[PDB]
Amino acid sequence: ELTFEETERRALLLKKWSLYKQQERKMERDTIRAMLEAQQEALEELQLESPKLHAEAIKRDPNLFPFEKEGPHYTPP
Amino acid sequence: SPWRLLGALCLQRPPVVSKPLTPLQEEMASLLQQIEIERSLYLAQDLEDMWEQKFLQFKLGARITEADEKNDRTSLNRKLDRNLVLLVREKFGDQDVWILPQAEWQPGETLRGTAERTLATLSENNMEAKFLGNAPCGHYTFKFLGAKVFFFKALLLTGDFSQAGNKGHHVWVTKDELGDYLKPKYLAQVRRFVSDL
Amino acid sequence: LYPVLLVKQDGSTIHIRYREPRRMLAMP
Amino acid sequence: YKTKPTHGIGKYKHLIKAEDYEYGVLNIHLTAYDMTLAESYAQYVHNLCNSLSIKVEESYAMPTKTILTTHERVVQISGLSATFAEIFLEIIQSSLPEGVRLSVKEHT
RNA sequence: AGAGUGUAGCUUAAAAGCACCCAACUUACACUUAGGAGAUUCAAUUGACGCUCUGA
């Protein structure tokens with residue numbers, strides 16, 4: 001069983017987590033849009049200042065098929 | 001017109017240590033744990049004692065090797081919970097600005113080749129970097145005769161950063177010291193394509 | 001399920017939801 | 001009716017599809033010690049994909065292998081732009097919670 | 001220094017509708033049900049606080 005005070009604390013916990021992760025996704029999306037527009041203007045400037053390099057800017061590196069990179073840890077070697 | 005061909009590279013050292021959980025995330029961890037027990041479906045004391053003393057005997061590697069240095073900006077291990085960006089002071093004949101590592105490229109060298117050369121040009125080390133694509137991350141043009149500087153991006157897989165006491169001024173800046181070290185708008189906007197996270 | 005720390009070969013402790021809290025696992 | 005201006009006002013099958021450098025089919029493999037962590041990261045990456053408008057076909061899983069167990073998950077991806085791929089995988093790299101294995105392997 | 005100027009992400013919306021998120025059902029997405037946050041830059045149609053562009 002449970003009481004009223006713990007239920008109220010749980011509801012406030014849900015509310016504050018909603019606010020926290022809303023700020024989280026807002027900042028993530030802000031970074032997304034900021035660096036995406038930075039790269040778009042970078043490509044536009046590259047096209048303007050180099051008519052033969054924008055064609056080779058779109059090509060993709062062939063070493064990404066077996067991509068590999070490990071995540072974080074706690075106790076570094 | 002006479003154009004000054006200049007490229008660069010905004011190196012990225014990923015965080016090896018995950019960021020510490022905020023107390024809000026700790027509260028949500030407690031909540032998810034308690035609901036986990038609520039939803040779960042079914043001499044131990046000696047085993048528990050042996051296991052807790054096994055936990056205690058070995059000391060966990062500190063997640064923060066940063067509090068003790070306070071001055072090791074040249075050290076590759078300045079920060080762990082966040083990314084790091086290489087940043088070396090440079091002195092020009094007419095300018096002296098804390099500038100992201102640049103390099104000179106020729107039309108016979110492609111941008112990827114210029115970046116690969118820069119990987120070991122100024123660091124004189126055996127660092128191991130990785131490139132994703134030829135799409136740049138920033139451009140900044142300052143003229144006196146035209147010029148342009150391309151800020152690329154790379155990720156460090158591993159690094160044998162020998163002779164860390166280099167004659168240069170390589171400082172690892174994550175996000176905060178960027179604006180402190182790079183005043184002009186052509187250099188203080190690097191955070192727009194540096195992953196702040 | 002419990003938060004047991006695990007290391008594969010080179011001293012990289014990672015939490016895992018594992019039965020019977022060992023608090024330290026090492027793969028030889 | 002055929003001869004009326006309102007001919008074909010009710011057709012829908014043309015509105016139903018039943019069946020520039022860009023990637024192929026991309027498989028993200030997530031092998032993790034935790035069912036909970038694997039599922040949470042799968043949900044997170046799927047949410048990122050469907051927020052960034054990435055064609056996701058499947059989110060299945062491989063069968064378990066015992067030799068403790070590691071739970072495996074798959075995410076299918078199709079449709080990337082030059083800068084879009086960079087942002088996508090750098091976000092994936094930076095948003096990996098704890099001790100999980102990513103992959104950008106291809107089909108077959 | 002000048003021009004465009006200005007409602008939370010978008011609105012020939014006038015403080016609204018779409019968007020946005022977590023929780024449960026989902027492998028997952030989605031649906032649905034529950035909840036969450038949000039703005040008309042400051043002074044009298046006008047001036048000045050912030051953003052974009054044109055230059056040094």
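We use all heavy atoms of the structure for the numbers below, so side chains are in, but hydrogens, waters and symmetry mates are not. Lettering of chains follows the sequences in order, A, B, ..., and the numbering in each one begins at 1.
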Applied to residues 10-20 of chain A, the salt bridge (charged side-chain N to carboxylate O under 4.0 Å, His left out) test, sequence neighbours excluded, yields A:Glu6-A:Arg10
Note down whether E:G6 puckers north or south, where north is a positive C1'-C2'-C3'-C4' and south a negative one.
-> south
How would you label the contact of D:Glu39 with the nucleic acid (heavy atoms, under 4.0 Å): base, sugar-phosphate, or nothing?
-> sugar-phosphate
Would you check if the side chain of A:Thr7 reaches a backbone N or O of A:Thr3 as a donor-acceptor pair within less than 3.5 Å?
-> yes
Residue whose nearest RNA chain E nucleotide is more 5′ - D:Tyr60 or A:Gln23 = D:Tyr60
Does E:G55 have a Watson-Crick or wobble partner in any strand here, with both distances under 3.5 angstrom, and which is it?
-> none
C1'-based separation of E:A19 from E:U7 [nearest Å] | 15 Å
Under 3.5 Å between N/O atoms: give me all the protein pairs with nucleotides 21-24 of chain E, atom names plus distance.
residue : atom : partner : partner atom : Å
E:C21   : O4'  : A:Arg25 : NE           : 2.8
E:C21   : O4'  : A:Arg25 : NH1          : 3.0
E:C21   : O4'  : A:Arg25 : NH2          : 3.1
E:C21   : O2'  : A:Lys21 : NZ           : 2.8
E:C21   : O2'  : A:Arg25 : NH1          : 2.8
E:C22   : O4'  : A:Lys21 : NZ           : 2.5

Taking atom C1' in both E:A23 and E:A37, compute the distance separating them and give it to the nearest angstrom.
-> 16 Å
To the nearest angstrom, how far is D:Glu72 atom CD from E:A28 atom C1'?
-> 16 Å
Between E:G4 and E:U5, is the six-membered ring centre distance under 5.5 Å and the plane-to-plane angle under 30°?
-> yes
Nearest-Å distance, NZ (A:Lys26) to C1' (E:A39)?
-> 10 Å
Between E:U54 and E:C22, how far apart are the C1' atoms? Round to whole Å, please.
-> 46 Å
Protein-nucleotide distance (D:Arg73, atom CZ; E:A28, atom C1'), rounded to Å = 9 Å
Span that lies between the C1' atom of E:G50 and that of E:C25, in whole angstrom = 46 Å
B:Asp96 bridged to B:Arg89 by N-O distance under 4.0 Å | yes
Polar atom pairs (N or O), protein with nucleotides 51-56 of chain E, under 3.5 Å:
none

Take C:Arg23 and B:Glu52, measure what salt bridge (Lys or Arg N to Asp or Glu O under 4.0 Å) needs, and give me the verdict at the end.
-> CA-CA 7 Å; C:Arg23 308 295 295 278; B:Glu52 72 183 1; over 6 Å; no
Given C:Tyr18 and D:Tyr33, is the ring pair (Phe, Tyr, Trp, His ring centres under 6.0 Å) satisfied, shown in steps?
-> CA-CA 8 Å; C:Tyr18 176 58; D:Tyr33 43 75; over 10 Å; no
Can you check the A:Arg33 CZ to E:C10 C1' distance for me, whole Å?
-> 12 Å
Stacked, yes or no: E:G38 with E:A39, six-ring centres under 5.5 Å, planes under 30°?
-> no
Modelled atom types, side-chain donor and acceptor of B:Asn83 and B:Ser195, under 3.5 Å | yes
Watson-Crick or G-U wobble partner of E:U41, both distances under 3.5 Å | E:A48
Here the distance between atom P of E:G38 and atom CD of A:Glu24, to the nearest Å, is 18 Å
Distance in angstrom units between A:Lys15 NZ and E:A34 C1', rounded = 15 Å
Run the salt-bridge test on D:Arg101 and A:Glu70 with the 4.0 Å N-O cut-off and return the result as yes or no.
-> yes
On a whole-Å scale, what distance lies between the P atoms belonging to E:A15 and E:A39?
-> 14 Å
Provide the Watson-Crick or G-U wobble partner of E:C25, both distances under 3.5 Å; none if there is no partner.
-> none
Establish, from distance only, whether the side-chain atoms of D:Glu98 and A:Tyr74 form a donor-acceptor pair under 3.5 Å.
-> yes
For the adjacent nucleotides E:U26 and E:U27, are both criteria met: ring-centre separation under 5.5 Å and interplanar angle under 30°?
-> no
What's the CG-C1' distance between A:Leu19 and E:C20, to the nearest Å?
-> 13 Å
Rounded P spacing from E:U41 to E:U5 in Å | 15 Å
is_pair(E:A16, E:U11) Watson-Crick or wobble, both dists under 3.5 angstrom | yes
Inter-nucleotide P distance (E:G38, E:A44), Å rounded = 28 Å
For E:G17 versus E:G6, give the span between their P atoms, rounded off to a whole number of Å.
-> 25 Å
Ignoring hydrogens and angles, state whether a donor on the side chain of A:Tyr20 or B:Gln25 is under 3.5 Å from an acceptor on the partner side chain.
-> yes
Salt-bridge contact A:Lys26-A:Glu28 (side-chain N to carboxylate O under 4.0 Å) = no
Plane angle bin for B:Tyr186 and B:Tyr140 - parallel if under 30°, tilted between 30 and 60°, otherwise perpendicular | perpendicular
